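# Per-entry structural report
Residues per chain, in single letters:
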Amino acid sequence: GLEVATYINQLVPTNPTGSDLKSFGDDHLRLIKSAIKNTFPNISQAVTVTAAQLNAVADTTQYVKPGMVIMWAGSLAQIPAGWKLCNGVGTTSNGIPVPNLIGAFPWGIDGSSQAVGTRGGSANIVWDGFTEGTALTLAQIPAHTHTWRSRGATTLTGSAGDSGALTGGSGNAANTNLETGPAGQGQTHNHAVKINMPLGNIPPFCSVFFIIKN
Amino acid sequence: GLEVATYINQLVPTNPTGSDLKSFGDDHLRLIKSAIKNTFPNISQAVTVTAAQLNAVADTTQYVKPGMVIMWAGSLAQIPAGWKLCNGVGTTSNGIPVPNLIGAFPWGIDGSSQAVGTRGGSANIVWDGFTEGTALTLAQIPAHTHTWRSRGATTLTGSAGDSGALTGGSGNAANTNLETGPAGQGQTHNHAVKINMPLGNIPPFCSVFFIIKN
Amino acid sequence: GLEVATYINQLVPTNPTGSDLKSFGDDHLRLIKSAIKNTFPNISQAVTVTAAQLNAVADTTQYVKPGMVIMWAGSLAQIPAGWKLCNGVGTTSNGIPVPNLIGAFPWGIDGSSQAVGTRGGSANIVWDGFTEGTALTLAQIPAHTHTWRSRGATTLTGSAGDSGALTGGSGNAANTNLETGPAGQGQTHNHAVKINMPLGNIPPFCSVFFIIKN
């Protein structure tokens, strides 16, 4: 007979039976047209895709799920919709907090060594140098000599009966041109280093934005 | 005449010619309905997209290809389907080996300097401290002297006819209160360093997961 | 009446009124078929997706825009179409300049500290070693002594009345076996370091390509 259908899913593929009257046939035609106009109200051009391509839409693994992060080479004004700069401020659509990547690096973690989004390391933390002593040899000292000057007006008691003793009374120190044998030459005394070096050395980098999909 | 079609592609646009019998017209109607019901069996609501949007599905360059890798800001449990953690184990669908990114950084390469996925650099390789000696000056030595002591009971052979010589035999060393000239005062001696420092320094980073699309 | 329609959007859902002639009805049928054949020229199999999935195509937040950059684990030959190596050469389709990531690291910037694509830091900048001096103690000297050698034929003017002075003129240097008191033994003198160390120590990394979506 005749049925009420708004969308194509409600069409009855056997309704206009052979015994039905022709006076309703016109209505049937109208009905069919109506159905199409209620299912594709905006289609006006040719749809050239095939059935396989249309069925491929159902796959969702292709589509980018919320929560991924990317680095952005464009300006901040042209940031794509649904992506927020990874400033560490705010949460995503599902509530995951935005990580902070400003002036940092992506350090691959297993989720157990560090908490996700943890910021660590620095280019300049603390600095201190420290050597250690050198076992000096006799030649470590320079080619130095000790001048021999007898204190005051020294009168050495060397005669027949008294042993030779440089008995020097206080007074004008008689600087004789007497010298003692030089010792040492000023050789090389070497040390090791136990420097404190948390000063980080930044390798070559590039400056790019960081945006996480909302 | 009349045709039999399973899908809309087999509909004949000129079949019900003006010379055909009217008793077949009903059949035609049924046929049309059947065709639609076999081509869109799951469509029940309005489809508001336009032809251009539907034709855009054929474009695949925007679709993300297998083997792409990304940083994931969520937990390991909430990893999106089609992605595997960057543990360096296994291969992709097309056979690309999985690189290991745990505890590493993304080092941009041109494919000629290093092989893709190669792990280089380390936070601790080796260390050695090594200064060198200083060309010491005469004042490098501290304020030190050498006391004048005579070995044994040293007696000078100083008389009228014998040259004064402190000819001292073995005996009790009588140390007289004589002191030689001081040499030096202990000035500053500087060294340079030839340190061996491959011990890597960790710059600022952030802790995130890494997953590659299967 | 009868209308001229090429696509489904031009169909009049109320055209075949009840007062129209039967002789035109056949034409109506043809028209409908033609419309469908002109709207889906390539559909030849069942389309099992639902209305909601087709409607979801209109969303573009699901679509990765031109401009962002990704890192790639595959070979250079198998780079996906529409992606060009981030060699710093050229611009995108919308005009975003290509950053250079060869031998670089991703440095997150807020758009004010640095411009996009800025490169800094190096693996080998400069190196200088520099210790400092230490105030040497009196014990810093090694176990060294100075011999008491008398210049020339040294004779003391020691008589009964004349002060004993080792008045030694030039001549044969008479070396008496007299040794002055040794001082020091060469103990530990310690310093610090003020090394100039910008040579980059690259932390552990991995080698991955960098490609920008054109």
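Reading the values: the criteria
- Residues numbered from 1 in each chain as written, not as in the entry; some residues may be left out.
- Chains lettered and ligands numbered in written order.
- Heavy atoms only, no water.
- Helix = DSSP H or I, 4+ residues; strand = E, 2+ residues; numbered from the N terminus.
- Rg over C-alpha atoms; globule rule 2.2 N^0.38 Å.
- Buried < 20%, exposed > 50% of the residue type's maximum accessible area, 1.4 Å probe, protein only.
- Contact = heavy atoms within 4.5 Å.
- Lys, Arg positive; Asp, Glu negative; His and termini not counted.
- Charge placed at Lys NZ, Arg CZ, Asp CG, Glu CD.
- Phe/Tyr/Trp six-rings, centres within 6.5 Å; stacked < 30°, edge-to-face > 60°.
- Domains from an automatic or database assignment.
- Expected span 1.5 Å × (residues − 1).
- Pairing = 2+ DSSP bridges.
- 1 Å grid on protein atoms, 1.4 Å probe; cavity = no way out; pocket = protein on both sides within 12 Å on 5 of 7 lines; lining within 4 Å.
- Points joined across faces, edges and corners; volume = space filled by probe spheres on them.
- Nonpolar A, V, L, I, M, F, W, Y, C, P; charged D, E, K, R; others polar.
- Least-squares fit on C-alpha atoms.
- Buried area = accessible area lost by both parts, 1.4 Å probe.
- Salt bridge = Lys/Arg side-chain N within 4 Å of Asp/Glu carboxyl O.
- Polar contact = N/O pair within 3.5 Å; in protein donor to acceptor, adjacent residues only side chain to side chain.

Looking up chain A in the PDB entry gives the name Tail fibers protein, with the organism given as Pseudomonas virus Pa223.

Another point: the overall build of chain A. Along the backbone of chain A there are two helices and nine strands. Listing every helix and strand of chain A by position from the N terminus yields α-α-β-β-β-β-β-β-β-β-β. Computed over the C-alpha atoms, the radius of gyration of chain A is 49 Å, more than 25% above the 17 Å expected from 2.2 N^0.38 for a compact globule of 214 residues. Across the 214 residues in chain A, those meeting the buried criterion constitute 44%. Excluding contacts between residues fewer than 6 apart, the proportion of contacts in chain A whose partners are at least 24 apart in sequence is 62%. Across chain A, the mean location of the 11 positive side-chain charges is 8 Å away from that of the 10 negative side-chain charges.

This structure, assessed with the given rule, holds 14 aromatic pairs over all chains. Look at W107 of chain B and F105 of chain C: their rings are 4.8 Å apart centre to centre, the planes differ by 55°, and that puts the pair in the tilted class. One end of the pair, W107 of chain B, is in strand β3 (residues 106-108); the other, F105 of chain C, is in the loop between β2 (83-85) and β3 (106-108), on a second chain. Here the two residues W107 of chain B and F105 of chain C agree in accessibility, since each one is buried. Ring pairing ties together the aromatic residues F105, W107 and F205 of chain A, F105, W107 and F205 of chain B together with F105, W107 and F205 of chain C, which thus form one cluster.

Parsing chain A into structural domains produces domain 1 (8-58) and domain 2 (64-137 + 189-214). Centre-to-centre, using C-alpha coordinates, domain 1 of chain A lies 59 Å away from domain 2 of chain A.

Let us now look at helix α1 (residues 25-39) of chain A. Over its 15 residues, α1 of chain A extends 22 Å from the first C-alpha to the last, a length consistent with the 21 Å expected when each residue adds 1.5 Å. When you tally the buried positions in α1 of chain A, you get eleven out of 15 residues, the bulk of the element. For α1 of chain A, every residue scored as buried is listed here: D26, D27, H28, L29, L31, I32, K33, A35, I36, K37 and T39 of chain A. Each element contacted by the buried residues of α1 of chain A is listed here: α1 (25-39) of chain B together with α1 (25-39) of chain C.

Buried residues dominate strand β1 (residues 68-72) of chain B, accounting for five of its five residues. Both faces of β1 of chain B are covered, namely the face carrying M68, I70 and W72 of chain B and the face carrying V69 and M71 of chain B. As judged from the two bridges shared by strand β1 (residues 68-72) of chain A and β1 of chain B, these two strands associate in the antiparallel manner. Looking at the pairing, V69 of chain A lines up with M71 of chain B of β1 of chain B.

This structure, assessed with the given rule, holds five cavities of 30 Å³ or more. Along its surface, the largest cavity is lined by 14 residues, and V64 and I70 of chain A, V64 and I70 of chain B together with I70 of chain C are the ones closest to its centre. Of all the secondary-structure elements, those providing two or more residues to the lining of the largest cavity are β1 of chain A, β1 of chain B together with β1 (68-72) of chain C. Within the lining of the largest cavity, the residues separate by chemical class into 14 nonpolar, no polar and no charged.

Below, the discussion takes up the relation of the copies chain C and chain B. Least-squares fitting of chain C to chain B yields an RMSD of 0.5 Å, with the superposition described by an axial translation of 0.0 Å and a rotation of 120°. In short, the pair behaves as if placed about a three-fold rotation axis.

Taken together, the contact pairs 89 residues of chain C with 103 residues of chain B. For the pair chain C and chain B, the summed buried surface comes to about 8100 Å²; carbon and sulfur atoms form 65% of the total. Taken together, the links from chain C to chain B amount to one salt bridge. For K33 of chain C, the salt bridge goes to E3 of chain B, with nearest N and O atoms at 3.1 Å. Summed over the shared surface of chain C and chain B, the number is 30 residue pairs in polar contact.

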